[PDB]
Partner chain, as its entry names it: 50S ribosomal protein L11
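One chain follows as structure tokens, the form solved without its partner chain.
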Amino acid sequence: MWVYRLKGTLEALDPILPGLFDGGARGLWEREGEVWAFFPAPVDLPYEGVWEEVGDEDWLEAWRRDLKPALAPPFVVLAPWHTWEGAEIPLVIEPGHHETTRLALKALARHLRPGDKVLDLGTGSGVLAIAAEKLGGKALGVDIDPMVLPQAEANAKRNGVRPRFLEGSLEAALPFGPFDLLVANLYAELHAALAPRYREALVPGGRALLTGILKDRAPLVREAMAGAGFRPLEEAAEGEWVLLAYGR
């Protein structure tokens, strides 16, 4: 579809809205002092607006503008353009929308202590590693996808913290361990296969916070973790998602 952009507010353009609808507009939106009228394709209109075809980037921008802060006690996840006047610890992330990220942030605040060394396995946007530094920990975020590293680095900087970010997985992290705590938002079968190496990555008394787990698959993780010598400490869920916390 195409947009016809006009300078002005809906209130000011009121006189010509009927004409835009007669001309076939199916949608209208006031967007920062401009009225955008949406059509299947350009048609002849006397209003002196400008036609432009709508693309995926326009959809992304519109969606972005509709984003609001997301609470994840003790944190609040904010888009770089959000302002927040609450008590919550801010976590600025270039567009924390998932249940699992939320479970992970709340669990992290409980199990992480100032001065703890943290491994955020499958760091992605770097949100967990960033929250760990904000809580007084020292974190390493690793991801097998090199492409996420630059955005993670940039989110860190926006948050005034500096975790270490590295391409790779668990084996790549070992030289920097052992760690006091590992947080891994992955999926149940992967946790199950890594259980033995999770034990190796942590110091005695260390903690493993596992999420990205569907309720129907929780059994797999309980079994592999018990099998690996971990003791369960806490469980929490949101929707169909579960976080399981263990001590080594």
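Under this definition, the rigid core comprises the largest set of C-alpha atoms superposing within 1.5 Å between the forms. Shifts are known only where both forms have a C-alpha. Numbering follows the first chain given and starts at 1.
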| property | result |
| --- | --- |
| Residue 57 left out of the model in a third or more of other PDB entries | yes |
| Interval residue 73-residue 74, deposited residues with no coordinates in the entry (none, 1 to 3, 4 to 9, 10 or more) | none |
| Higher-scoring stretch by recorded Cα B factor average, 31-39 or 59-67 | 59-67 |
| 106-114 set against 173-181, stretch whose average Cα temperature factor tops the other in the entry | 173-181 |
| Member of 143, 88, 153, 133 with the greatest C-alpha B factor (per the PDB record) | 88 |
| Top Cα B factor in the deposited entry, candidates 147, 121, 127, 77 | 147 |
| Chain-wide C-alpha B factor ranking for residue 193, given as lowest, middle or highest third | middle |
| Third of the chain's Cα B-factor distribution that residue 45 belongs to, per the entry | highest |
| Chain-relative CA temperature factor third for residue 207 | lowest |
| Residue 157 - Cα temperature factor, lowest/middle/highest third of chain | middle |
| Residue 168 - Cα temperature factor, lowest/middle/highest third of chain | middle |
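Although it is not shown, the form deposited with its partner chain bound is what the next lines describe.
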{"item": "Residue contact check: residue 100 to its partner chain in the deposited bound form, 4.5 Å heavy atom", "value": "yes"}
{"item": "Distance check, residue 218 to its partner chain in the deposited bound form, heavy atom within 4.5 Å", "value": "no"}
{"item": "Non-hydrogen atom contact residue 51 with its partner chain in the deposited bound form at 4.5 angstroms", "value": "no"}
{"item": "Residue contact check: residue 18 to its partner chain in the deposited bound form, 4.5 Å heavy atom", "value": "yes"}
{"item": "Contact set, 227-248 vs its partner chain in the deposited bound form - heavy atom within 4.5 angstroms", "value": "240, 241"}
{"item": "Core-fitted Cα difference of 2 Å or more between this form and the one not shown, single residue among 220, 203, 214, 45", "value": "45"}
{"item": "Core fit, then residue 194 C-alpha moves 2 Å or more between this form and the one not shown", "value": "no"}
{"item": "Rigid core fit then residue 236 CA moved by 2 Å or more between this form and the one not shown", "value": "no"}
{"item": "Rigid core superposed: residue 70 CA moves 2 Å or more between this form and the one not shown", "value": "no"}
{"item": "Residue 63 and residue 214, C-alpha gap in the deposited bound form relative to this structure (3 Å or more)", "value": "closer"}
{"item": "Structural rearrangement between this form and the one not shown, runs of 3 or more with C-alpha shift of 2 angstroms or more, core superposed", "value": "1-55, 58-66"}
